[PDB]
Amino acid sequence: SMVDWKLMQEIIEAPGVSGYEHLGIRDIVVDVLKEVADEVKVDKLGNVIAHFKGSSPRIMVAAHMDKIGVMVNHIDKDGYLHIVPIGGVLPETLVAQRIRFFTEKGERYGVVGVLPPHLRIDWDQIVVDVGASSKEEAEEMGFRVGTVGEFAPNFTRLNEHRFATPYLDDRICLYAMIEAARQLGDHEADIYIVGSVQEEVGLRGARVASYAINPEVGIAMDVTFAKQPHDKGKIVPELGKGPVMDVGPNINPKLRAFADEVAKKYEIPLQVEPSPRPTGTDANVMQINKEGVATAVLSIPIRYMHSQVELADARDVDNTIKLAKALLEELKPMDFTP
Amino acid sequence: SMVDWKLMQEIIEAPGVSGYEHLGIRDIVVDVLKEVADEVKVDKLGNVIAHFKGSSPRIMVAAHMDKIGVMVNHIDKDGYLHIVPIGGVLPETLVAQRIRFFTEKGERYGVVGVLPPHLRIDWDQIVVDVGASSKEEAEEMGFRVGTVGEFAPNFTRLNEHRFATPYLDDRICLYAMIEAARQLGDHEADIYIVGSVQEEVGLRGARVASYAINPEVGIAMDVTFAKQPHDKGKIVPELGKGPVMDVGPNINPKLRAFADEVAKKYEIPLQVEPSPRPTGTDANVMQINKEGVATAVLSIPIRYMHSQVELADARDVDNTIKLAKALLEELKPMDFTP
Amino acid sequence: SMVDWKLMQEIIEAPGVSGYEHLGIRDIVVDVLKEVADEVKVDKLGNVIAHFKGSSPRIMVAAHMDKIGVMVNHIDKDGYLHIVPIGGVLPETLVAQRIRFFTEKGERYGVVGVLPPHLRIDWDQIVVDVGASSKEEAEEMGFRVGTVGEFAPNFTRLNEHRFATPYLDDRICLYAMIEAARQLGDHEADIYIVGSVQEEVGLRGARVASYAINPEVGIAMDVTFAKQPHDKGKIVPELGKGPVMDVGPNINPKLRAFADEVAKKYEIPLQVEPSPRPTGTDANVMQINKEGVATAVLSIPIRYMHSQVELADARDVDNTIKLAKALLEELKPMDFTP
Ligand SMILES: [Cl-]
Ligand SMILES: [Cl-]
Ligand SMILES: [Cl-]
Ligand SMILES: [Cl-]
Ligand SMILES: [Cl-]
Ligand SMILES: [Cl-]
Ligand SMILES: [Zn+2]
Ligand SMILES: [Zn+2]
Ligand SMILES: [Zn+2]
Ligand SMILES: [Zn+2]
Ligand SMILES: [Zn+2]
Ligand SMILES: [Zn+2]
């Protein structure tokens, strides 16, 4: 298990909003997995699919490579950018923030300004300043209709265990899945490790990857909500209390019971999240793939999801790596029929 | 046809909310169908698929086994449960009601309390009392994060024909489909009778069952809205006027015309429901399965859908059994191209 | 003391809304009291007055036989009932509930329906379905202008001590008073045990019973509010902490002090409720009867008053039986002058 802070930060900060995972994260995932997998391929949507050959059952584990972000809708006559969200970016988190754009002339920053109080929440109030003085100048700088951008990186390690940064969702789980894969010992299962694309715009990469792989078992590794201020006591998982595994309709009872047994065997703390609906993770589309798949969700709890200050606890990451590795190594043929 | 009140009530009251159909209803459906079907199997999502071997066309008929219900989100320090809905349960129907929970220690009841007027619609106002005095006590009683519950059974036969009970949706149609199956005589069609899972959380079981079966023809048997107080005259079907079959984009014109001819031949009253959108039934996902399926919806009209007092007329149930049996027996190869 | 669950449930479920206590509860109260009382009579309003002859002081103990309920205002052309409340029934507790009506053709049920969300708290939204299709049919079924109904029975024992059911108010105290009466040993006081009528519509039976009895001392046994969710910490009594006895203007200080001494002597836990106003119980009218009466209130705490899920703790019922018996046996001439 054990957290490699340098690799983890590299995986978090690599470029790749939904539909543009090829801008950086994809090559990193391919390179790290090619060293340990029997075969790694990239499909037409950009999913990275790494095969660790085994016997049975066939399992697909998916963590998504894409980040939420923004796209330039148009550039105005004074050289300001008007942007729209890619995935669940909320306008409130954009005020007085830096955005990292992927322009024709490399990575370039812009800022979302604020109007001083004496001149006075929605997308129309959001205008990006890139230091340009005209539309022509912004265009010469490399900005275009369709230019995409991300929250600017800011990795903050607060103490021994806690850290805050944009894009723990889902780079922290992609990191954990990749570490589990690198540490993977012998296993009976036929394992596909998938870096999925476009999770944040409707689970689109995992949909096609599941179709091609045709797994019997599916596990999505995505982040989940942790107890935090103003949550009204409604959130069950807490930072530092371990990986989280949902229960509910998206979650095969036999697979979820198997996961409990494994967690107990390896003495890994395991939290329960009640999910009464099909989840908002790749496991949603994996479960209803083709003839149906036995699915579960394995999550790292974070605070402040979908903002620049997503915050996690490295003890949870470590234990998630350990649990993913143990599930993959312990998995064996069994009857998943509910 | 003919209504078997005892079997019908047993099928209505068997446990099984979305994702937990294995708690009771599934075994009943398997047992009754195994007696008449050539083969019955349960898939990975829990669908019951019973094959009545025939020639052509291949038809799938689906009625869903799952009920809407609730799930325990957390237990508070005073031993009260805080719940969230599974499917379309509305908070208004929970006030001063009993809930039947499926705990580690068998079935146990709780009540949703009301606040006396002198101390004064949303989920936060909903708190379940299970007779416990602390979190530890509620847990010893068997309640957990993730415990599921249902409207408590209350079967009320009002007169010769009308009756009200929780969960006519969709146990009344599952009952009707099962009776039609038991009475099924010779048939040319290759018939799959499916007890589907997770209809109430997005048609998920019928999606995978349709994929595996690959039918040419699909019929969903689900309940529909009947004329009732305060409906502003907008609902077409009425209690006691027979089974209902939609018309609209989800409904293959040739199959629907065939259904009219059959209803006329057997002198079965048949109501028309205008459905301008893809339906909220299993026929939605059956129609867009693989290369496409000729689909129709065959419904029993009920009042007060998704509440504890869903109300139907046994004459409609009888006629639905008769019509389902006749469609299956009359179905023959034909061109379904619109 | 000791709770007889079978008798208690029978007393709770016997028919009898305000003004219609003769439909069942009255005969039960008469029959049980006739076995132990020197004389039992029923007055013109329907009060049951049982005399246990003694010396002094003359005491009247009253628990009310009436339930809150509903009455049919009119039947509409489609056979639905439109109802109005008898006593403090709130429209919110009627949604998707069953009502037990007392018709010309025996007990018959109806349901209060709900309007599905896509077609959208006050009495005009409340319409009762009885399975009829026309006004004439509902009338043939026995429904009339003036037909009365009750919350349908649903007795739920949650565990060893806690239980929830419609109509703990005031059948639980009527049960406790009746058990105390049956266990009553020697006593100096001249005791009248009264099953009062029409408490829920303005304390009307206790008014005339007090006039006829002319007691020197009066105790009302009615339920009171217990700590429960969303009460904002404003309710003092709690389930399981014993009978409750108010303090305040309705409560004679000498009698209330005597009650404390008795509770201490018999080691019965006794809660205090602050009541700054004349109470909403029979003790209100007893106190201002004729030349004035020394009065107190002895209550069983319940949650969710006036709803179908009123919830109590059998330890409190037991201790209330014990305290009532001890007060009656210990009572002796004393000066009640404040
Ligand atoms: Cl996500
Ligand atoms: Cl294959
Ligand atoms: Cl439905
Ligand atoms: Cl085929
Ligand atoms: Cl009262
Ligand atoms: Cl006198
Ligand atoms: Zn996300
Ligand atoms: Zn994510
Ligand atoms: Zn439904
Ligand atoms: Zn349905
Ligand atoms: Zn009352
Ligand atoms: Zn009362």
Side-chain angles (χ1 to χ4, degrees), chain B residues 76 78 80 88 90 92-98 108-121 124-125 127 129-133 137 141 151-152 154 156-164 166 225 227-232 234-235 239-240 303-311 313, chain C residues 76 78 80 88 90 92-98 108-121 124-125 127 129-133 137 141 151-152 154 156-164 166 225 227-232 234-235 239-240 303-311 313:
Chain B
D76 72 27
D78 297 312
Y80 298 101
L90 301 176
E92 316 82 61
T93 60
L94 287 186
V95 175
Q97 303 269 11
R98 297 170 305 126
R108 288 253 213 187
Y109 285 72
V111 301
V112 176
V114 63
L115 186 59
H118 82 283
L119 291 154
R120 304 168 177 170
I121 201 179
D124 299 348
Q125 299 178 245
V127 180
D129 200 325
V130 296
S133 291
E137 179 175 7
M141 293 174 65
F151 299 147
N154 267 146
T156 308
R157 186 172 178 179
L158 299 161
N159 52 31
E160 172 84 341
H161 308 292
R162 307 242 166 128
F163 60 109
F225 305 104
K227 176 175 165 65
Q228 70 164 75
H230 303 119
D231 69 358
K232 296 174 176 178
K234 296 181 187 179
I235 302 168
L239 292 194
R303 299 185 182 140
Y304 322 127
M305 201 184 296
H306 285 184
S307 77
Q308 293 92 331
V309 297
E310 291 179 345
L311 195 159
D313 186 306
Chain C
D76 72 27
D78 297 312
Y80 298 101
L90 301 176
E92 316 82 61
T93 60
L94 287 186
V95 175
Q97 303 269 11
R98 297 170 305 126
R108 288 253 213 187
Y109 285 72
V111 301
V112 176
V114 63
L115 186 59
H118 82 283
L119 291 154
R120 304 168 177 170
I121 201 179
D124 299 348
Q125 299 178 245
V127 180
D129 200 325
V130 296
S133 291
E137 179 175 7
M141 293 174 65
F151 299 147
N154 267 146
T156 308
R157 186 172 178 179
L158 299 161
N159 52 31
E160 172 84 341
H161 308 292
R162 307 242 166 128
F163 60 109
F225 305 104
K227 176 175 165 65
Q228 70 164 75
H230 303 119
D231 69 358
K232 296 174 176 178
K234 296 181 187 179
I235 302 168
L239 292 194
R303 299 185 182 140
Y304 322 127
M305 201 184 296
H306 285 184
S307 77
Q308 293 92 331
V309 297
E310 291 179 345
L311 195 159
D313 186 306

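Values reported hereafter were calculated over all heavy atoms of this structure, with side chains retained and with hydrogens, waters and symmetry mates removed. Residue numbers begin at 1 in each chain, while the letters A, B, ... track the order of the sequences.
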Handout entry: Non-hydrogen atoms of C:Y80 and B:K227 that approach each other most closely
Key =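 Minimum heavy-atom separation between C:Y80 and B:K227: OH-O, 4.3 Å.
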With a 4.5 angstrom heavy-atom cut-off, could you sort out which part of [X] is near chain C: side chain, backbone, both or neither?
X      : answer
B:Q97  : both
B:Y109 : both
B:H230 : both
B:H118 : side chain
B:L115 : both

Between [X] and [Y], is any pair of side-chain heavy atoms under 4.5 Å apart?
X      : Y      : answer
B:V114 : C:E92  : no
C:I121 : B:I121 : no
B:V309 : C:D129 : no
B:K234 : C:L119 : yes

Practice task
Kindly write out the residues that satisfy salt bridge (charged side-chain N to carboxylate O under 4.0 Å, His left out) with B:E137, not counting sequence neighbours, or none if the list is empty.
Solution key: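 Salt bridge (charged side-chain N to carboxylate O under 4.0 Å, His left out) list for B:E137, sorted by chain: empty.
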Practice task
Could you pull out all residues at least two apart from B:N159 that satisfy side chain to side chain donor-acceptor pair (under 3.5 Å)?
Solution key: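 If we apply the side chain to side chain donor-acceptor pair (under 3.5 Å) test to B:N159, skipping adjacent residues, there are no hits.
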Considering only heavy atoms, which portion of [X] lies under 4.5 Å from any heavy atom of chain B: side chain, backbone, both, or neither?
X      : value
C:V127 : side chain
C:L239 : neither
C:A132 : backbone

Name the option with the most non-hydrogen atom pairs under 4.5 Å to chain C; the candidates are [options].
options                : result
B:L158, B:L90, B:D78   : B:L158
B:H161, B:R120, B:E310 : B:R120
B:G113, B:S307, B:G110 : B:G113

Handout entry: chain B contacts, top residue of C:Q308, C:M305, C:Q228, C:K232 (heavy-atom pairs, under 4.5 Å)
Key =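 Most heavy-atom pairs under 4.5 Å with chain B: C:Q228.
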Handout entry: Top contributor to chain B interface from C:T93, C:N154, C:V95, C:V111 [non-hydrogen pairs under 4.5 Å]
Key =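 Among the listed options, the one with the most contacts to chain B is C:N154.
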